[PDB]
Structure formats: structure tokens, C-alpha cells
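Form deposited without ligand EBP, single chain, as C-alpha cells, below.
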């Protein structure tokens, strides 16, 4: 693969640069932003907030972000394109299905879902021509029957297009294993797959075993932590009580185990968030004022301090994402 699709069109692999592989402009629901923009103040407000945030990550060195919002996460491709242009940051859009598919999606066959993911990757999202550059799927423990279909279609779409698959997992419950199993049963190469939210578990055995099989490990919840918000139940349930340092150390752990080439790091950040309790955005923003710039501003330096060499840091933030994102077909 020589080109990556973005909301502004295709870019060469070199242009991706420093990339955050699991982010979001807005965490919502299909049709939500268009139907009730005031939930976020306004569309304009949300976009402005987004541009500010993207500009700041950009100042910090982020060149590209992969917005893993699916149809069901309320991905609004027009919004992504507008802010990408305004902030001058590349944004890779996604196809796939998250865990909140409406009936029209939930009643579909693997064949049907495959054609829909294909539509989004090959032709374009909605009527925009904006093509997806990644497939997002998810499980939250053992897969439901529908989710197994989603996983299968995702693999089929990946096999046909060469674009990678990235996932949401209930890390502590080892969902990556079931995911992998399904992917493999469809003939997908582990190298086209990123098992996400992997920093949510302290089980290094689980992660190294997956890495050992060739999977990419997404350590994408680094700044997520409710330490200092124990009183806030929902926030606690969302962010956990492990420190950012603890999560970040997993990156070092995997590097020390020999898997530096299989690590993807991000913040799983957003500018609007409707798919959870009201006011959770404010809470998050308090917890992590750096937002998407958290990786380059705090994690990179923390790792270097811990002994990780520059070249390794560079490989993880630049080389890894480039290899992953480059559309690659099975030989």
C-alpha cells in the first residue's frame, strides 16, 4: 500500500508522520449531532473546540489522528473534514460497527455487513466520497452473536481492501483472544489487527501472547484515570483507578519483551461525548487538560526518562502506525 485515505483525500505513507491511532472528534450516536447539536452547545462550538484541540496536538507534533468513530459512534464525516482542514491535521475516518448498532444494522447478515463496510472503504461514506482507512469493531466480554458477525465482516472487508482492523476490548476479560480467534478463522493476518484498550489490563502475559502471534497492541487509554475522583462513580467506572504512569509503563514492558514493533499508542480522546453521562466531557477535560497532546507532551518524555531510546519512541509513534495504516493485501 502506497497511500492512506484521509478525510481530505489520500496521503502518501511519509506524510502520516506522528500518528495517534485511536482517537475521536466526537463520541456520540448515529444522527445525534445533526438532530441535537445544542447538546454540545452547538455544532459550531464543538467544531471550534475540536480545532483548538487539534491545533495544540499539532503544535506538539501530531501530524495525523485516526478517528475510530463508526457509524454507531455517530461519526460525522463532514465535521471531521471541516476540522481537519481548519486545523491542518490529517484525519483517517473509520467504518465498522461499535457496540451500539441500531436495529437496521443488528438484523443484518455477515454478507450484508461486508458490503456496507466495503462501501465505506472503497466508494465513500454517505454521499461524501470520504473513504474509510480503518475498520473499528468491538466486544465487551464474550462476543454476542451479532458481534461475531461484525468481526467476520470486518475481516472480510480487510482481506478485500487491505485496510486494517482496530478493536475495542474489555481488556481485563481477555476479549482479544476471542477476537483473534474469529479473525483468524476468516484468514485475516494478525498484522492487520490492533487489539485496543490493552492498557486497561495489568496482565502482561495476555498481551505478550497476543503480540507473539503478530497482533498489534493498542495502548490507547494512557491518560484515562479517576485517581482523585473516587467520589465520582461514573467517571470511576469509565476511567479506572490505575495511574497514567502505570499504563504508560506497559509500553516499556512490551518494548522490553521485544515487541516494540507491535505497539500503537493513543489517548482515546474526544471533544464531545454524548454516549455517556451528561458532563463527562468536563470531567475528562479536568483530568487531562492536554487532551490529545498528552501522548507527545507527557508519555514520550516519561518513556525516554525511563530509558526508552529516541529511535524506539520514533518507531512506535511513526513507523508502526505507518505500517499498520498502509493498505496491505495478503500475498
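Residue numbers count along the first chain shown, from 1.
Just so it is clear, the following notes concern the form deposited with ligand EBP bound, a form of the same protein that is not shown.
Steric access to the site is open in the shown form: after superposition of the site C-alphas, ligand EBP as positioned in the bound PDB entry comes no closer than 2.4 Å to any backbone or C-beta atom.
A heavy atom within 4.5 Å of ligand EBP in the bound PDB entry is found for exactly one of 300, 292, 46, 265: 300.
Residue contact check for residue 30: none of its heavy atoms lie within 4.5 Å of ligand EBP in the bound PDB entry. Here the marked residues 105, 108 and 146 all miss ligand EBP in the bound PDB entry; none has a heavy atom within 4.5 angstroms. Residues of 161-197 are not found to place any heavy atom within 4.5 Å of ligand EBP in the bound PDB entry.
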